[PDB]
Amino acid sequence: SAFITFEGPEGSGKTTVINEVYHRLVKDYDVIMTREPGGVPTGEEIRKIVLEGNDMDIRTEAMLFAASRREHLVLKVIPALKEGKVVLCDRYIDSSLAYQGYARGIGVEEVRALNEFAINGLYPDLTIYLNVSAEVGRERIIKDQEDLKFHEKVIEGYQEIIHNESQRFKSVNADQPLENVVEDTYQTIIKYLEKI
Amino acid sequence: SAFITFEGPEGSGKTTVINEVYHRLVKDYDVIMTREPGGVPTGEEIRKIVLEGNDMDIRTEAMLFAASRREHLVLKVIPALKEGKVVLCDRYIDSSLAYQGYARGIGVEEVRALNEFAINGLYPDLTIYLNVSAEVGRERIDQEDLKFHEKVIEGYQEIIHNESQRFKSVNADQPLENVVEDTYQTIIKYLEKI
Ligand SMILES: CC[C@H](c1ccc(C(=O)O)c(Oc2cccc(Cl)c2)c1OC)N1CCC[C@H](n2cc(C)c(=O)[nH]c2=O)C1
Ligand SMILES: CC[C@H](c1ccc(C(=O)O)c(Oc2cccc(Cl)c2)c1OC)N1CCC[C@H](n2cc(C)c(=O)[nH]c2=O)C1
């Protein structure tokens, strides 16, 4: 089994990359694609609260992302791993670190301690970081100043997380055309998987 | 202003005591009594999720109690404290420490780290612990329920041993009129010294 997470800002080509990699991996592996809350009833109820939030306190929002994360992990991810599946997960702990910790200003270490409570040691086996520049990402989103700066800070946050901790992290150049980003991601995954 | 929390297992007469103490304190102080979620919409929605939980993972449950704690703190407690009020809160961080941390077995220090993210330094000024023996508590209320009850009491003892200065323990084995009186006097002594 393998728990593989995908990280990156918006405009990193993440949706295309996961879908195309899934289509190639299913030839050799029992693979699933997922994202939080991913159909888990409690997680879906949490998601409704977050999306209905009127200027929700950023720490309450972080705790709700973390509670949705745990429900998705325990009720969907772990049973799939037990079946021997390759789980392709769109966003996990690192999104809360980059978005809640860095971009929203809570503090990466405070958000880390919260999410370590949530995942209880279950870190991804492999994390694909779709490393897009802010300018390329901006163009992919189009195809506001506060939004542009928020997108910039998300990337700055990811840069901080990957520069500090790196072992499961595999950075893929997402400034390339998407066919190349798919090929580099697929090859990175196959290299990991074929080493058991 | 003062933020005073009330803690204890079931059977400690905690609800009755806080209600009576609050009714007496309103005569001399600008005071409110509340509990989580306490009407805050997001907290109420989180409460519904917890109550609807079918064998809910204990850490998800702890995170939801912590999210309800923050909403109630931010929208009710902090605005009242800024208005200079005495805030009486029935159950706070120590309830998550005793129940989720100790009794459910996640670990007090793990649950403390989670709750410190939720309260962001807003610990109670004073915590009233209604110290009921497991035997009196049992009587005031099967093997599993009695074992969980004893575990909560044991958890509260460990917490109070580690943070003696924040707690004031009231003998909850006495008749409730005495528990009310000792709790009231403990609070007044604290309020008249600040
Ligand atoms: C509004 C922010 C946005 C977003 C977009 C779509 C959904 C939606 O599902 O319709 C969404 O709701 C979610 C998603 C995941 C988990 C929950 Cl509980 C609610 C959402 O966050 C509220 N952004 C998009 C970029 C990534 C952001 N994000 C994601 C995760 C997983 C995290 O931990 N932190 C974070 O800020 C959310
Ligand atoms: C079933 C557990 C029970 C309890 C009783 C009544 C309510 C109810 O409101 O009807 C309740 O729901 C709540 C209460 C507070 C906050 C939320 Cl989000 C939900 C509840 O916990 C699910 N016990 C009773 C003993 C104390 C327990 N407790 C309380 C708090 C505040 C905590 O942090 N941890 C904990 O285990 C809950």
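Quick one: order A:158, B:99 by neighbouring beta-carbon count within 10 Å, fewest to most.
Placing the least packed residue first, the sequence is B:99, A:158.
Once a ≥ b ≥ c are taken as the square roots of the eigenvalues of the Cα gyration tensor of the stretch A:105-156, is the result rounded (a/c under 1.5), prolate (a/b larger than b/c) or oblate (a/b not larger than b/c)?
Oblate is the answer for the stretch A:105-156, as a/c is 1.5 or above yet b/c matches or exceeds a/b.
Taking the beta-carbon count within 10 Å as an exposure proxy, list A:143, A:14 from fewest neighbours to most.
A:143, A:14
Towards the positive end of the charge dipole of the protein assembly as shown, with charges on Cβ (+1 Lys, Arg; -1 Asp, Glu), say which of B:21, A:1, A:180 has the farthest Cα.
About the Cα centre, the residue reaching furthest to the positive side is A:180.
For peptide B:58-69, compute the average count of partner chain beta-carbon atoms within 10 Å of each residue's beta-carbon.
6
Once you have a ≥ b ≥ c as the square roots of the Cα gyration tensor eigenvalues for the protein assembly as shown, tell me rounded if a/c is under 1.5, and otherwise prolate or oblate according to whether a/b is larger than b/c.
Prolate shape, in that a/c is at least 1.5 and a/b is the bigger ratio.
Using unit Cβ charges (K, R positive; D, E negative) and no other charged atoms, how large, in debye to the nearest 20, is the dipole of chain B about its Cα centre?
Using only the charged Cβ atoms, the result is roughly 640 debye.
Could you tell me how far the Cα centroid of the stretch B:110-124 sits from the Cα centroid of the stretch A:17-57, in Å?
Comparing the Cα centres of the stretch A:17-57 and the stretch B:110-124, I get a distance of 29 Å.
Based on other C-beta atoms within 10 Å, arrange A:192, B:102 from fewest to most.
Result, fewest neighbours first: A:192, B:102.
Can you classify the stretch B:1-153 as rounded, prolate or oblate using the Cα gyration tensor, where a ≥ b ≥ c are the square roots of its eigenvalues, rounded means a/c under 1.5, and otherwise it's prolate if a/b beats b/c and oblate if not?
Since a/c reaches 1.5 but b/c is at least a/b, the shape of the stretch B:1-153 is classed as oblate.
Before rounding to the nearest 500, sum -39500 (n - 2.57) across all DSSP H runs of length at least 4 in chain B and divide by the residue total; then give [θ] at 222 nm in deg cm²/dmol.
Here the helix-only value at 222 nm equals -16500 deg cm²/dmol.
Because the Cβ atoms are built from the backbone with ideal geometry, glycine has one as well, and the counts that use them run over all protein chains shown. Read-outs: derived from the displayed coordinates by stated rules, not from any lab.
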